[PDB]
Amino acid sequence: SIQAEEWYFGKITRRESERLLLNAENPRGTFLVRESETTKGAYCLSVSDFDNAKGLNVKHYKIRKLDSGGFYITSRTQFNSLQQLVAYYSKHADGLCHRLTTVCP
């Protein structure tokens, strides 16, 4: 049940997700999952990042869900549940700005 996950923030806006993530205390990979503002049936993974070029900044990735029942950011790497997707990206950075580390405070 996606709604029971502490990293699932539900229906909050993109601007709100940035307000929460742009905190100097958040290390790289601090994240949250929310509903997309514009895409019905898609979720959004918002992630904090930090580099000397840009300093602290936030990236947003669209998580698609198939009717067939699979979750993915890239169609080449699919998961049976959102929870499995989060667990996988907490170990592999792949194409993300950083691996997922901590749930947004």
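Quick note: we count residues from 1 along the sequence shown, nothing fancier. Rigid core (definition): largest C-alpha set, two forms, superposition within 1.5 Å.
Greater C-alpha displacement in 7 other deposited structures of this protein (rigid core superposition, RMS over structures and residues), of 19-27 versus 77-85: 19-27. Rigid core fits of the other structures in 7 other deposited structures of this protein place the C-alpha atoms of one stretch farther away on average; of 28-36 and 53-61, that stretch is 53-61. In this entry, the higher average B-factor at the C-alpha atoms falls on 56-64, of the pair 27-35 and 56-64. Between 40-48 and 72-80, the higher mean Cα B-factor belongs to 40-48. When the modelled residues of the chain are ordered by C-alpha B-factor, residue 4 sits in the highest third.
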